[PDB]
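Chains as they are written, first to last, in my numbering: chain A, 1 to 99; chain B, 100 to 369.
Structure first, then comments.
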Ligand SMILES: *[C@@H]1O[C@H](CO[C@@H]2O[C@@H](C)[C@@H](O)[C@@H](O)[C@@H]2O)[C@@H](O[C@@H]2O[C@H](CO)[C@@H](O[C@@H]3O[C@H](CO[C@H]4O[C@H](CO)[C@@H](O)[C@H](O)[C@@H]4O)[C@@H](O)[C@H](O[C@H]4O[C@H](CO)[C@@H](O)[C@H](O)[C@@H]4O)[C@@H]3O)[C@H](O)[C@H]2NC(C)=O)[C@H](O)[C@H]1NC(C)=O
Ligand SMILES: CCCCCCCCCCCCCCCCCCCCCCCCC(=O)O[C@H](COC(=O)CCCCCCCCCCC)COP(=O)([O-])OCC[N+](C)(C)C
Ligand SMILES: *[C@H]1O[C@H](CO[C@@H]2O[C@@H](C)[C@@H](O)[C@@H](O)[C@@H]2O)[C@@H](O)[C@H](O)[C@H]1NC(C)=O
Ligand SMILES: *[C@@H]1O[C@H](CO)[C@@H](O)[C@H](O)[C@H]1NC(C)=O
């Protein structure tokens with residue numbers, strides 16, 4: 001069947017303004033294993049995004065880690081948009097430093 | 100204990116189109132990758148060859164190179180003559196090491212995300228509840244004894260053998276200790292007046308970790324531990340939320356125990 005992705009977006013280090021960091025987008029629990037993942041800075045797409053090889057858990061569902069380099073600021077908001085057959089509209093999960 | 104897994108994932112879209120990409124792991128750390136478009140199996144670690152010689156490795160690699168093309172070709176034919184007429188298939192194979200050079204080997208196949216066949220002892224086996232039409236294929240395949248002897252060598256023999264080699268070869272990587280850095284934050288909850296304190300802990304290795312909201316020495320047992328989330332530099336991310344009455348934040352600390360700290364815990368105060 002079609003299992004839909006769950007998406008998590010978390011920094012590598014404690015985020016601090018003006019300070020280079022890494023932003024992870026862990027996508028999980030989906031099937032089939034065909035997906036486009038985008039990472040966004042202020043709605044615009046980030047071209048430079050590196051990705052783990054797709055793998056799957058004991059429970060057969062696939063998971064993949066995307067990450068990019070980013071300098072968090074007061075104003076720049078970040079997110080992760082996922083394209084996937086199990087879903088009419090793309091999902092978008094906004095980075096939230098406080099969360 | 101250590102689980103060694105070879106995960107294969109193959110998609111068939113058409114009869115024109117299909118691809119197989121594998122990745123293998125030794126617990127946390129990936130040892131290999133093998134893309135459909137690469138003719139050979141990449142090493143994601145310096146020790147990904149374990150102890151086997153170039154000879155011995157290449158022997159095993161040739162065997163997989165044959166298996167991959169075969170698997171594809173066989174499955175495509177299985178597609179033609181089948182079901183009424185219906186693809187995503189997955190293999191998880193390997194072994195689990197134990198104190199006394201003991202292990203249980205395994206090989207499971209999932210079709211359309213559902214577990215359907217495993218290899219057990221000497222023959223392939225449709226698992227209970229699987230579609231009837233697999234019975235025949237699984238029998239035909241069981242007529243090819245070469246592949247059953249082959250598969251038995253790989254499970255009973257090669258798996259423990261190789262993995263033992265990996266454990267020695269990779270020792271420093273698997274016994275790495277990487278220290279967690281921790282930070283605090285909070286967000287409002289649904290409940291009015293209530294806030295959610297969060298304890299983010301990132302960069303630790305190995306996985307097992309302990310993160311508790313404390314008030315002095317009273318373990319705050321409302322502490323809810325999230326899922327373990329992977330960083331890309333092969334370390335772990337976890338966070339623990341504690342919901343609280345506004346102002347009830349006062350005098351609270353989150354502490355973290357972890358192998359890598361000796362026994363000198365981290366203790367961010369709020
Ligand atoms: C590789 O290891 C195999 C076992 O290991 C497991 O499976 C592998 C693939 C991994 O997953 C590993 O981690 C697992 O632990 C090993 O298979 C074993 O070998 C023998 C011979 O092939 C099998 O023995 C025969 O069993 C049947 C009855 O089986 C039933 O009952 C038993 C227990 O009571 C259960 O295990 C089964 O589920 C069945 O319900 C006997 O009737 C039969 O006796 C007859 O045949 C023999 C000929 O050998 C004669 O001597 C007798 O007189 C009888 O005529 C056998 O005793 C054993 O079942 C099988 N284990 C399993 C799991 O079924 C395989 O041989 C190894 N191969 C190599 C190349 O190293
Ligand atoms: C196994 C783990 C051991 C550890 C090894 C360490 C190194 C690993 C690093 C590299 C990772 C490899 C990635 C692959 C994943 C591992 C899976 C292990 C598979 C072992 C296969 C052995 C190959 C033998 C072989 O090539 O046989 C050949 C091809 O057969 C297959 O396709 C095997 C398919 C197995 C899957 C069954 C389908 C499951 C249910 C389907 C549901 C839809 C035999 O060809 P043949 O010549 O016998 O065909 C003619 C038939 N005949 C003789 C009757 C006339
Ligand atoms: C056959 O399918 C090809 C590949 O399809 C793509 O890959 C699959 C796994 C999905 O990700 C799917 O959404 C993609 O489109 C096509 O490019 C090809 O044109 C198709 N041709 C036929 C015979 O239908
Ligand atoms: C996978 O590899 C085979 C041969 O290496 C090739 O013909 C096939 O088209 C590849 N898969 C895709 C979708 O490129």
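Ideal Cβ placement from N, Cα and C applies to all residues, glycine included.
Inset, instruction - Output, in chain order, the set of chain A residues within a Cβ distance shorter than 8 Å of residue 214 of chain B. - result: Counted from its first residue, the second chain places residue 214 of chain B at position 115. Per Cβ cutoff of 8 Å: 60.
Inset, instruction - Please list the residues of the region 24-37 of chain A that have a C-beta atom closer than 8 Å to any C-beta atom in chain B, keeping them in chain order. - result: Result list: 24, 26, 31, 32, 33 and 34.
Inset, instruction - With distances taken Cα to Cα, identify the nearest neighbour of residue 35 of chain A among A:68, A:12 and A:6. - result: If you number the first chain from 1, residue 35 of chain A lands on position 35. Among A:68, A:12 and A:6, the Cα nearest to that of residue 35 of chain A is on A:6.
Inset, instruction - Give a single yes or no on whether residue 116 of chain B has its beta carbon closer than 7 Å to a heavy atom of ligand 3. - result: Taking the second chain and counting its residues from 1, the one referred to as residue 116 of chain B is at position 17. Set against 7 Å, the gap from the CB of residue 116 of chain B to the closest heavy atom of ligand 3 is smaller.
Inset, instruction - List the residues of chain A that residue 254 of chain B touches, going by C-beta distances under 7 Å, in chain order. - result: Residue numbering aside, residue 254 of chain B sits at position 155 when the second chain is read from its first letter. Those within 7 Å of residue 254 of chain B in chain A number zero; the least Cβ separation is about 18 Å.
Inset, instruction - Check the Cβ-Cβ distances between residue 84 of chain A and every residue of chain B, and say whether any is below 8 Å. - result: Here residue 84 of chain A corresponds to residue number 84 of the first chain, with the count starting at 1. No, residue 84 of chain A lies away from the interface with chain B (no Cβ there is under 8 Å from its Cβ).
Legend entry - Short-range partners of chain B found in the region 1-14 of chain A, where Cβ spacing is below 8 Å: For the region 1-14 of chain A, which is checked against every Cβ of chain B, the residues closer than 8 Å are 1, 3, 8, 10, 11, 12, 13 and 14.
Inset, instruction - Closer than 8 Å by beta-carbon distance: list the chain B residues that pair up with residue 76 of chain A, in chain order. - result: Against the first chain, residue 76 of chain A aligns to sequence position 76. Here the premise fails: no neighbours, minimum Cβ distance about 18 Å.
Inset, instruction - Would you mind sorting residue 357 of chain B into buried or exposed? The rule is 16 or more other CB atoms within 10 Å of its CB. - result: Taking the second chain and counting its residues from 1, one reaches residue 357 of chain B at position 258. Looking at its Cβ environment, which holds 16 or more other Cβ atoms inside 10 Å, residue 357 of chain B is buried.
Legend entry - Stretch-stretch touch, CB-based, cutoff 8 Å, three pairs: the region 43-52 of chain A with the region 88-98 of chain A: no
Inset, instruction - Alpha carbon to alpha carbon, how far is residue 21 of chain A from residue 78 of chain A? Give it in angstroms, no decimals. - result: In the first chain, the residue the question calls residue 78 of chain A occupies position 78. In the first chain, the residue the question calls residue 21 of chain A occupies position 21. Computed Cα separation, rounded: 13 Å.
Legend entry - Partners in chain B for residue 56 of chain A, counting only beta-carbon separations shorter than 7 Å: As a first step, residue 56 of chain A is located in the first chain; it is residue number 56 there, counting from the start. Under the 7 Å cutoff, chain B gives 106, 108 and 189.
Inset, instruction - Flag residue 135 of chain B as yes when its Cβ comes closer than 7 Å to any non-hydrogen atom of ligand 3, and as no otherwise. - result: Reading the second chain from its first residue, position 36 is the one you call residue 135 of chain B. Not so, every heavy atom of ligand 3 lies at least 7 Å from the Cβ.
Legend entry - Nearest to residue 75 of chain A (by Cα), restricted to the options A:85, A:41 and A:61: Within the first chain, numbered from 1, the residue matching residue 75 of chain A stands at position 75. Nearest C-alpha to residue 75 of chain A: A:41.
Inset, instruction - Using a cut-off of 9 Å between C-beta atoms, extract the partners of residue 167 of chain B located in chain A. - result: Here the question's residue 167 of chain B lines up with position 68 in the second chain. Per Cβ cutoff of 9 Å: no residues; residue 167 of chain B is ~16 Å from chain A at best.
Inset, instruction - Please look up how many angstroms separate the CB atoms of residue 65 of chain A and residue 329 of chain B, rounded, as I've assumed it's under 8 Å. - result: Position 65 of the first chain, counting from 1, holds the residue named residue 65 of chain A. Position 230 of the second chain, counting from 1, holds the residue named residue 329 of chain B. Correct: roughly 6 Å between the Cβ atoms.
Legend entry - Below-8 Å beta-carbon distance, residue 65 of chain A vs any chain B residue: Here the question's residue 65 of chain A lines up with position 65 in the first chain. Yes, because at least one Cβ of chain B sits closer than 8 Å to the Cβ of residue 65 of chain A.
Inset, instruction - Would you mind telling me which residues of chain B sit closer than 8 Å to residue 99 of chain A, beta carbon to beta carbon, in chain order? - result: By one-based count along the first chain, residue 99 of chain A stands at place 99. The contacting residues are 284, 286 and 297.
Legend entry - Local conformation of residue 221 of chain B per DSSP, three classes: As a position in the second chain, residue 221 of chain B is number 122, starting the count at 1. Coil at residue 221 of chain B, not helix or strand.
Inset, instruction - Would you check whether ligand 2 has a heavy atom nearer than 7 Å to the C-beta of residue 53 of chain A? - result: For the purposes of this step, residue 53 of chain A is taken as the residue at position 53 of the first chain. Checking every heavy atom of ligand 2 against the Cβ of residue 53 of chain A, none is found closer than 7 Å.
Inset, instruction - Could you pull out every residue in the same chain whose Cβ sits closer than 7 Å to the Cβ of residue 222 of chain B, ignoring the five residues on either side in sequence? - result: Within the second chain, residue 222 of chain B is the residue found at index 123, counting from 1. If we look at residue 222 of chain B and ignore the five residues flanking it on each side, its Cβ neighbours are 241 and 247.
Legend entry - Bounding residues of the beta strand (DSSP E) (the contiguous stretch that carries residue 295 of chain B): Here residue 295 of chain B corresponds to residue number 196 of the second chain, with the count starting at 1. That run of the beta strand (DSSP E) goes 293-303.
Legend entry - Validate contact between the region 109-119 of chain B and the region 196-212 of chain B using beta carbons, cut 8 Å, 3 pairs: no
Inset, instruction - Quick one: give me the first and last residue of the alpha helix (DSSP H) that residue 161 of chain B is part of. - result: Translated into positions along the second chain, residue 161 of chain B becomes position 62. Under the DSSP assignment, residue 161 of chain B falls in the alpha helix (DSSP H) whose first and last residues are 153-179.
Inset, instruction - Tell me whether residue 193 of chain B sits in a helix, a strand or coil according to DSSP, three-state version. - result: Residue 193 of chain B sits at position 94 when you count from the first residue of the second chain. Strand at residue 193 of chain B.
Inset, instruction - With hydrogens ignored, establish whether the beta-carbon of residue 86 of chain A is closer than 7 Å to any heavy atom of ligand 3. - result: Against the first chain, residue 86 of chain A aligns to sequence position 86. Not under cutoff, so the answer is no.
Inset, instruction - Determine the DSSP secondary structure at residue 270 of chain B, reduced to helix, strand or coil. - result: Here residue 270 of chain B corresponds to residue number 171 of the second chain, with the count starting at 1. Helix at residue 270 of chain B.
Legend entry - residue 301 of chain B at chain A interface by Cβ criterion, 8 Å: Locating residue 301 of chain B in the second chain gives position 202, where the first residue counts as 1. It does; some Cβ of chain A falls within 8 Å.
Legend entry - CB contact below 8 Å: residue 304 of chain B versus chain A: The residue given as residue 304 of chain B occupies position 205 in the second chain. It does not: the Cβ of residue 304 of chain B has no partner Cβ on chain A nearer than 8 Å.
Inset, instruction - Could you spell out the range, first to last residue, of the beta strand (DSSP E) harbouring residue 41 of chain A? - result: Taking the first chain and counting its residues from 1, one reaches residue 41 of chain A at position 41. Element bounds for residue 41 of chain A: 36-41.
Inset, instruction - Identify each residue in the region 121-140 of chain B for which the Cβ-Cβ distance to at least one residue of chain A is less than 7 Å, and report them in chain order. - result: Under the 7 Å Cβ criterion, the region 121-140 of chain B contributes 122 and 132.
Inset, instruction - Could you check which residue in B:209, B:271 and B:249 has the C-alpha nearest to that of residue 230 of chain B? - result: Along the second chain, read from residue 1 onward, the residue named residue 230 of chain B stands at position 131. Checked all of B:209, B:271 and B:249; the closest Cα to residue 230 of chain B is B:209.
Legend entry - Per DSSP, the bridge partner or partners of residue 340 of chain B: Translated into positions along the second chain, residue 340 of chain B becomes position 241. Residue 340 of chain B is bridged to B:297 and B:323.
Legend entry - Inter-residue spacing [alpha-carbon to alpha-carbon] between residue 326 of chain B and residue 335 of chain B: Here residue 326 of chain B is taken as the residue at index 227 of the second chain, counted from 1. Here residue 335 of chain B is taken as the residue at index 236 of the second chain, counted from 1. If I take the Cα positions, the gap works out to 10 Å.
Inset, instruction - Return the residue from the list B:259, B:204, B:321 and B:338 that minimises the CA-CA distance to residue 299 of chain B. - result: In the second chain, residue 299 of chain B corresponds to position 200, counting from 1. Ranking B:259, B:204, B:321 and B:338 by Cα distance to residue 299 of chain B puts B:338 first.
Inset, instruction - Flag residue 330 of chain B as yes if its beta-carbon sits less than 8 Å from any beta-carbon of chain A, otherwise no. - result: Taking the first residue of the second chain as 1, we reach residue 330 of chain B at position 231. Using beta-carbon distances, residue 330 of chain B counts as an interface residue toward chain A, with a partner under 8 Å.
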